[PDB]
């Protein structure tokens, strides 16, 4: 049946388990520490930089073509938030953590061997970002007592003026992917792995 439905129903438990980290529990209670939050953005910087490198590389893949959504890219939003927190963010002074490196390796290796599985990476990260952004930006601003419009670029999509319409269009796009039900199962298996890789980076904080 529907790939968007398969992924939603198939990853409901993984979404819940990704909050077993104390970083996320406190974030959900409205508690964040500046230093820890900034390291959390560093891990996402490396992840999205790699994912966007690989999605651009595979943009004309027949399966990925209909989910070519540069509107969702986060690398530049992350850089901007990193500059707000650090003043000047030097990547060589803040090299990727062990869990970040394993996540980037997964992205790279998937891109070169099974690029259709990058659909799982797009789903887990971007559809989550679009779904949670408005809520998470308010929680983060309140937790860190942030100035108006600063340090929350990661949660904002200036290229998308209708978030609700885009989320619907995204799920319709997932359902349009030219993949069979067996291939959708492989996309679900990858999505579960992505949730685990996110739990891995959260575990470090």
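Residue numbers count along the first chain shown, from 1.
Enquirer: Could you settle it for me: does 48 to 56 or 156 to 164 have the higher average Cα B factor in the PDB entry?
Expert: Per the PDB entry, the higher value belongs to 156 to 164.
Enquirer: On average, which has the higher Cα B-factor in the deposited entry, 92 to 100 or 109 to 117?
Expert: If you average the C-alpha B-factors of 92 to 100 and of 109 to 117, the larger mean comes out for 92 to 100.
Enquirer: Would you mind ranking residue 137 by its C-alpha B-factor against the rest of the chain and naming the third, lowest, middle or highest?
Expert: Middle third.
Enquirer: Consider only the C-alpha atoms of the modelled residues in this chain, order them by B-factor as the entry records it, and name the third containing residue 145: lowest, middle or highest.
Expert: CA B-factor rank for residue 145: middle third.
Enquirer: Per the entry's values, where does residue 169 land by CA temperature factor relative to the rest of its chain, in the lowest, middle or highest third?
Expert: Middle third - that is where residue 169 ends up once the chain's C-alpha B-factors are sorted.
Enquirer: Which third of the chain holds residue 189 when residues are ordered by C-alpha B factor: lowest, middle or highest?
Expert: It belongs to the middle third of the chain when residues are ordered by C-alpha B-factor.
Enquirer: Mind checking which third residue 65 falls in for C-alpha B-factor across the chain?
Expert: Highest third.
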